[PDB]
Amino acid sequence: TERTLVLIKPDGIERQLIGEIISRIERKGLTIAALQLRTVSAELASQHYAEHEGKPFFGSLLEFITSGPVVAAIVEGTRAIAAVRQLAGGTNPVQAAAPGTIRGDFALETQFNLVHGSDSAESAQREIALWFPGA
């Protein structure tokens, strides 16, 4: 079994999809190991987005994650990592994401993607330590 970090971003909250997203995870058979509505410091935001740190969309990327609170969580279970990304869909909700996924069903813009899921074991271990340093 694996552990992956999941974020429900400020747009997912504005659109009232916290429970919808969590439900899909639960229904897949995965288990919520940690869960917390929290605010994001300027520091955390950048450390999170270091992969795309130096790039054209960095600015508004941080301003976004910091505009309102977010819901962070540790999702655990068999193939947690791949499964979550499976539920989430591709980055582009119209041309990439399949219908039935979170982004595929609710999203229209690459930017406002509603959700985040660790893209690899390497990332997951790094992001969990980052958002849930205690646990």
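Quick note: we count residues from 1 along the sequence shown, nothing fancier.
Taking the mean C-alpha B-factor of each stretch as recorded, 60-68 and 26-34 are not equal, and the higher mean is that of 60-68. The PDB entry records a higher mean C-alpha B factor for 42-50 than for its counterpart among 87-95 and 42-50. The deposited CA B-factor of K55 belongs to the highest third of values across its chain. Among all modelled residues in its chain, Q111 ranks in the highest third by Cα B-factor. When the CA B factors of the chain's modelled residues are split into thirds, the value for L5 lands in the middle one.
Split the chain's modelled residues into thirds by C-alpha temperature factor. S120 is in the highest one.
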